[PDB]
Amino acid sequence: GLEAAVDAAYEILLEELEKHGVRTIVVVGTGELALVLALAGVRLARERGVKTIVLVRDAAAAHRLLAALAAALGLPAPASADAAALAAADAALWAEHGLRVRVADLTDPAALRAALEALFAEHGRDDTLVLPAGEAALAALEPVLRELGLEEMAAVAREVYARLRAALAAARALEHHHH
């Protein structure tokens, strides 16, 4: 179920924060692992002051993730995927909970590089853990990081992803809410 998945992801992230001195987590992609990482990020922000930013492919994906986060927090979802509504929801989520949800076209390497570069300008590269939310995101993220010369960051992204993938396969976040 969802709690077991969030707990397992939280434990993995705690191990990485201690291992790498992480101050900021950037999640690239959508789906169940993106939600689980965002929810673990809510706990990590409250308990450790570590901020999390999720980069999703389009405004529709941002609305879907913000709506699931809203439900988890007991808060209203944004009324629509209007950019102004999404930006306002994002600013509120950041101020109150240390989480962001931003739009970046992951099919476009230049757009993903630009979104990462914005986050690196805000949060730096040394203390930032970048994680893909799935296989497709890993395949998009690795070459971009490698082009930027961030080989260690790419290596950690792949290794931590493998552990998260295995943990979520066992935890089954959504098992109770579909056939």
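Position 1 is the first residue in the sequence shown; the rest follow in order.
Colleague: Look up the CA B-factors in the entry and say which stretch, 9 to 17 or 151 to 159, has the higher mean.
Modeller: Higher mean C-alpha B-factor: 9 to 17.
Colleague: Do the C-alpha atoms of 44 to 52 or of 132 to 140 have the higher average B factor in the entry?
Modeller: Per the deposited B-factors, the answer is 44 to 52.
Colleague: Please place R146 in the lowest, middle or highest third of its chain by C-alpha B factor as given in the entry.
Modeller: Tercile = lowest for this residue's CA B-factor.
Colleague: Lowest, middle or highest third of the chain for the C-alpha temperature factor of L73?
Modeller: According to the entry, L73 has a C-alpha B-factor in the chain's highest third.
Colleague: Once the chain's modelled residues are ordered by C-alpha B factor and cut into thirds, is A85 in the lowest, middle or highest one?
Modeller: Within its chain, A85 is a highest-third residue by C-alpha B-factor, going by the deposited values.
Colleague: Should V27 be placed in the lowest, middle or highest third of its chain by the C-alpha B factor in the entry?
Modeller: According to the entry, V27 has a C-alpha B-factor in the chain's lowest third.
Colleague: Classify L37 as lowest, middle or highest third according to the C-alpha B-factor given in the PDB entry, relative to its own chain.
Modeller: Lowest third - that is where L37 ends up once the chain's C-alpha B-factors are sorted.
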